[PDB]
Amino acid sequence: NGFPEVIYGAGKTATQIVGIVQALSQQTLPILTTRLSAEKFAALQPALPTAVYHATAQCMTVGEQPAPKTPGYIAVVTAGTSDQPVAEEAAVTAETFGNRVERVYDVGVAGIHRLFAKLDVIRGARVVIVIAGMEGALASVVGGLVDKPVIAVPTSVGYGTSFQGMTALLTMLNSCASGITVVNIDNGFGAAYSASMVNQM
């Protein structure tokens, strides 16, 4: 593998987590903890003073992050600011997994020029992760402009007909551009996990 150790922090207590983390005391490899509330990192910090917490991403990393495993980069593209929390979970997961990451945020198609202003960056990625909720159409527009794997992530932030990400999920599954592959809602971690594999062939 070489895959860092991943702790799903949703169902675990701060004590239970320190118990898993320090039980991995023998690893030169980093440890990622995803879906970790700020109130729970508050609890953890005295036990793990060498840990790093990423507010938006709700991710914690313990350990020395070594250099990127590979030169190419993953691009993480978002439609709007409401998408930032789950995009950040994809960026931190990908970086902890050893990938260089280029963050291309707020390029939703209501101001499509912003998407073109940053298009050379998207086109130079080995993998593109597209993240959207309201403007789920962005996956299809990105997918029509790039010749690399695109992994779409629907998010649950939206209004009434967003159906808490469900519309966004169906929109990405139904993209008229080919080459788009989809993960379940809010699952930025899952997208980065796959993108990391694809990137490090």
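Position 1 is the first residue in the sequence shown; the rest follow in order.
**Q** Could you check which stretch, 164-172 or 146-154, carries the larger mean CA temperature factor in the entry?
**A** The deposited B-factors put 164-172 ahead on the C-alpha mean.
**Q** Tell me which of 47-55 and 65-73 has the higher mean C-alpha B-factor in the deposited entry.
**A** It is 47-55.
**Q** Tell me which of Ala177, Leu24, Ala192, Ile185 tops the list for C-alpha B factor in the record.
**A** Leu24 has the highest C-alpha B-factor of those listed.
**Q** In the PDB entry, which of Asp106, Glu88, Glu102, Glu95 has its C-alpha at the highest B-factor?
**A** Highest CA B-factor of the listed options: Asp106.
**Q** Against its chain's modelled residues, does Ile31's Cα B factor rank lowest, middle or highest third?
**A** As the PDB entry reports it, the C-alpha B-factor of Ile31 lands in the middle third of its chain.
**Q** Hey, what third does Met201 fall into on Cα B-factor, ranked over its chain?
**A** Highest third, going by the recorded CA B-factors of the chain.
**Q** In terms of the CA temperature factor given in the entry, to which third of its chain does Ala42 belong: lowest, middle or highest?
**A** For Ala42, the deposited C-alpha B-factor lands in the highest third.
**Q** Of the three thirds of its chain by CA temperature factor, lowest, middle or highest, which one includes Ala132?
**A** It belongs to the lowest third of the chain when residues are ordered by C-alpha B-factor.
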